[PDB]
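# Model the following, please.
(chains A, B, C, D and E)
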Amino acid sequence: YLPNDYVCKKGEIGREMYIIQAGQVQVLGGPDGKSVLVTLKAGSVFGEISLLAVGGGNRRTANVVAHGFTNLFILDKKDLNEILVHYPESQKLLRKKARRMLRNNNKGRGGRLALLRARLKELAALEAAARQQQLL
Amino acid sequence: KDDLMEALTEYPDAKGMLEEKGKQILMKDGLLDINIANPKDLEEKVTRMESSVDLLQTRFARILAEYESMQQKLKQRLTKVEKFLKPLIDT
Amino acid sequence: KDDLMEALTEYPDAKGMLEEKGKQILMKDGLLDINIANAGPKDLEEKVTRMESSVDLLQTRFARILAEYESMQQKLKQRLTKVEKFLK
Amino acid sequence: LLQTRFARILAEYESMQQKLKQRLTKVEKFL
Amino acid sequence: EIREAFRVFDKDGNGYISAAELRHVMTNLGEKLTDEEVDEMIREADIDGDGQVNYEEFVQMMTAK
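Numbering: from 1, shown residues only, chains lettered A, B, ... in the order given. Here you go, the structure:
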């Protein structure tokens, strides 16, 4: 990447996972943008959380810009899926990690309970109607 | 064979006509192996199995809810009995 | 076409937008993309696979429920025996 | 097979619940 | 649904549900009848007068319009 190149743009799919082998990159944040928040150096990875996502579900959070001539190692999500095709015991672990990360943000037994509640409400409406008919 | 199949992927009736006339060619001399070798029933059974599973799950949900309610009532009764016996056990 | 569907794997909403725009275009000019052709063997195969998955899930749920019920019955029997022993 | 197993399990659960309810009723009547 | 409701409320599985067992049918079922109200509901449903609601009595109560 050339100097002042937007490695990651804000509001982008960000499917890949970059690692740094030579150079430095900076996360352009701040109040109105164009402000450096943190710079990562050789040996730093970023964007790995997107490798376990689904089609169009990892819109990038901020902007990432290369300070100078940087040397990144991209690993696309499609390649990860192709590799995962041949490894199910790691696929289950990766999906469990994804489910944990998605569960830690929102906050057959359930369906059976819902069906029982619907049946109970239907029976209760009829019981109230029978009580009213006995009264009336 | 694979090239023929993948070229026939875009042609739905060409494969049927080809197999029909291949059956005719075989019938010209040594008709296939079994002339009575001649689908929807399999799909119907596949769907009926899913329908039966759904009905069984729907029944089992209500059964489990009723069992949970009965277990809660029995546990409450047992807890009341234990609390009543508690005065004699501790004293 | 394969390239187009490969470029739409990360834009599921754009896929629906494209299909809707194409459908309105066909309705404006063409045979109105007649909707009486079908509504939903591929469909039968998908339904069979979904039914098999639902049956497997129901069997697993039934096994779990049976194990839980057996554990609860054993615990209740143990509690009743302990209460009887304490009373006696 | 699942339907048959469910029916058998329901019958067994009914019998076990009957035994437990009889025992609990006897205990309550005694006390 | 009637058979499942009777089985859930009638935890005894003997074909008869007692007034106390109705409490176990409270959470499982969707009706409100306990204590004096439970006894009154049992008397109304128990036409025979044995103090317990049978399968036929439960069916009649559920289908009574």
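# which residues in chain A form helices?
Using DSSP state H, the helices found in chain A span residues A:77-85, A:88-106, A:109-135.
# From chain E, how far off is residue A:44?
Distance of residue A:44 to chain E, given as Cβ to the nearest Cβ, to the nearest Å: 55 Å. C-beta here means a position set from N, CA and C on the backbone, and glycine is covered the same way.
# which residues touch residue A:37?
Neighbouring residues of residue A:37 by Cβ atoms under 8 Å, 6 or more residues apart in numbering or on different chains: A:26, A:27, A:28, A:29, A:30, A:62.
# let's go with 6 Å and repeat that
Counting by Cβ atoms under 6 Å, 6 or more residues apart in numbering or on different chains, residue A:37 touches A:27, A:29.
# Repeat that for residue B:63.
Listed by Cβ under 6 Å, 6+ apart, the contact partners of residue B:63 are residue E:4.
# what about it, which SS state?
On the three-state scheme (DSSP: H, G, I helix; E, B strand; the rest coil), residue B:63 is labelled helix.
# what about residue C:65, how many neighbours?
By the measure other Cβ atoms under 10 Å in any protein chain shown, the count of residues near residue C:65 is 20.
# roughly how far apart are the nearest residue to residue E:39 once chain neighbours are set aside and residue A:3?
Nearest residue to residue E:39 in three dimensions, chain neighbours excluded: residue E:19, at 5.7 Å (Cβ to Cβ, 6 or more residues apart in numbering or on different chains). When distance is defined by Cβ to Cβ, to the nearest Å, residue E:19 is 84 Å away from residue A:3.
# More neighbours: the two, which one.
Neighbour comparison, residue E:19 and residue A:3: the larger count goes to residue E:19, with 19 against 11 (by other Cβ under 10 Å).
# contacting residues around that one?
Applying Cβ under 6 Å, 6+ apart, we find residue E:19 in contact with E:38, E:39, E:42.
# again, only this time at 7 Å
The contact partners of residue E:19, by Cβ atoms under 7 Å, 6 or more residues apart in numbering or on different chains, come to E:38, E:39, E:42, E:51.
# What of residue E:64?
residue A:130.
# Next, count neighbours for residue C:11.
Close neighbours of residue C:11, defined as other Cβ under 10 Å, add up to 14.
# can you check the one 5 residues further on too?
Here the number of neighbours of residue C:16 (other Cβ under 10 Å) works out to 11.
# how much space between it and residue A:56?
Distance, residue C:16 to residue A:56, using Cβ to Cβ: 12 Å.
# Distance check, the residue of chain A at minimum distance from chain B against residue E:8.
Nearest residue of chain A to chain B (Cβ to the nearest Cβ) works out as residue A:112 at 2.6 Å. Separation of residue A:112 from residue E:8 (Cβ to Cβ): 12 Å.
# Please apply the same query to residue C:69.
Using Cβ to Cβ, residue C:69 is found at 13 Å from residue E:8.
# So for those two, which sits in the more crowded spot?
Using other Cβ under 10 Å as the criterion, residue C:69 and residue E:8 rank with residue E:8 on top: 26 against 18.
# Would you check that that one makes contact with residue B:66?
Yes. With contact defined as Cβ atoms under 7 Å, residue E:8 reaches residue B:66; the gap is 1.4 Å.
# which neighbours do those two share?
Counting by Cβ under 7 Å, 6+ apart, the residues touching both residue E:8 and residue B:66 are residue E:28.
# For the spatially closest residue to residue E:21 that is not a sequence neighbour, which residues are in contact?
Spatial nearest neighbour of residue E:21, excluding adjacent residues (Cβ to Cβ, 6+ apart): residue E:11 at 5.8 Å. Residue E:11 makes contact with B:70, B:74, D:17, D:21, E:21, E:24, according to Cβ under 7 Å, 6+ apart.
# what about 6 Å?
For residue E:11, the contacting residues are B:70, D:17, E:21, E:24, by Cβ under 6 Å, 6+ apart.
# what's the nearest residue to whichever residue of chain A sits closest to chain D if we skip its chain neighbours?
Nearest residue of chain A to chain D, counting by Cβ to the nearest Cβ: residue A:112, 12.6 Å away. Nearest-residue entry for residue A:112: residue B:61, 2.6 Å, with adjacent residues in sequence omitted and distances by Cβ to Cβ, 6+ apart.
# Equivalent analysis for residue C:8, please.
For residue C:8, ignoring the flanking residues on the chain, the nearest one in space by Cβ to Cβ, 6+ apart is residue C:15 at 4.6 Å.
# Dump the strand or helix carrying that neighbour to CSV, restricted to CA.
Secondary structure assigned from DSSP states H and E places residue C:15 in helix C:12-28. Included here for helix C:12-28 are C-alpha records, laid out as CSV according to Å, rounded to 0.1, in the frame of the first residue of the first chain:
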residue,chain,number,x,y,z
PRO,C,12,-28.0,-9.5,-0.3
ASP,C,13,-30.2,-6.4,-0.2
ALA,C,14,-28.8,-5.3,-3.6
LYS,C,15,-29.8,-8.7,-5.0
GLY,C,16,-33.4,-8.2,-4.0
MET,C,17,-33.3,-4.6,-5.4
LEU,C,18,-32.0,-5.9,-8.7
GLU,C,19,-34.6,-8.6,-8.9
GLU,C,20,-37.4,-6.3,-8.1
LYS,C,21,-36.2,-3.7,-10.7
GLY,C,22,-36.0,-6.4,-13.3
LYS,C,23,-39.4,-7.7,-12.4
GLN,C,24,-41.0,-4.2,-12.8
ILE,C,25,-39.1,-3.8,-16.1
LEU,C,26,-40.5,-7.1,-17.4
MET,C,27,-44.0,-6.1,-16.2
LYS,C,28,-43.7,-2.7,-18.0
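# List the contacts of that helix.
Residues outside helix C:12-28 that contact it (Cβ under 6 Å, 6+ apart): A:55, A:56, C:8, C:33.
# In chain C, where's the longest helix?
Chain C, longest helix under DSSP H: helix C:42-87.
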